[PDB]
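A single chain, nothing else alongside it, follows as structure tokens in the form deposited in one PDB entry.
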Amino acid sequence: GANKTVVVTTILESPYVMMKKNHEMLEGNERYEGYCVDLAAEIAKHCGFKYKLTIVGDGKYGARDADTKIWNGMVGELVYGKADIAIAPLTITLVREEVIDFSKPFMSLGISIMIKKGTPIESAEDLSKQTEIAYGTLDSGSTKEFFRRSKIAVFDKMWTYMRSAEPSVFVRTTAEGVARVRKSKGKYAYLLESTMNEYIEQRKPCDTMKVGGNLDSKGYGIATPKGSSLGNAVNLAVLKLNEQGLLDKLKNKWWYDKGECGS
């Protein structure tokens, strides 16, 4: 049939998608700026489609309810036919790969630890061996699932603590996790992907840092409904953009050229 505007699901998560200055009087895609706004424009150009950015209704990345088996987040919007493509920092995982299609990675990353500067923690092992400093993860995504499923002793011990900690150590949005680190006087550390950890380390008031090595090695992919004809062209576009240096340029633009914590 005739060309139709592609519905892009994405998530309001800095620096991937942010409200532009003057958004209150702007419409459509012009309301937004950021790494995934730029990436969406590049993918659409290389693939020959028009598109509308739409922020995921529930603000989640995507997980499957263990009881109902219903998917939420951006994954659910693809699974249930509400969006045509997700262009976001959506981690490629086994349980998601089983229900949606993914491009090859457009970013490489791993789970990491964010501390308030001066916190006496250097590693996940350190966190697991003490109780004075609380720690947690984002809800409804791949980091929480990593700990829930891990059979590695250190990560198992961490999950056993996190799942029963009171008050809850889990947060609904990345920003809430950052705030809890910044306000907790060193008594909360946040488990989040290295990409975001590195971004926040370059934002005022420059009071957080990444410690330890990454816990795993994975990637973000552009996602489509399973079997969508759109997947092939999108994947070729990701590989071309990576090989041309454009993805490295975009990361540098939004992470380091715009950094607030000096040169």
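Basically, rigid core = biggest C-alpha set you can superpose within 1.5 Å across the two forms. All residue numbers refer to positions in the sequence shown, first residue = 1.
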Mean C-alpha B factor from the entry: is it higher for 91-99 or for 133-141?
133-141
Decide which of the stretches 110-118 and 180-188 has the higher mean C-alpha B-factor, going by the entry.
180-188
Residue with highest C-alpha B-factor in the PDB entry, from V234, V37, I70, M196:
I70
Top Cα B factor in the deposited entry, candidates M25, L241, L250, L12
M25
Modelled-residue ranking by C-alpha temperature factor, third containing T208
middle
Can you work out whether the C-alpha temperature factor of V6 puts it in the lowest, middle or highest third of the chain?
middle
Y32 by Cα B-factor - lowest, middle or highest third of the modelled chain:
middle
Give the position of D156 by CA B-factor within its chain, expressed as the lowest, middle or highest third.
highest
Within this chain, which third does the Cα B-factor at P225 fall in: lowest, middle or highest?
middle
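Just so you know, the form deposited in another entry exists too; it's not on screen, but the next bit is about it.
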Comparing forms between this form and the one not shown after core superposition, the one residue of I133, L109, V99, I92 displaced by 2 Å or more at CA:
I133
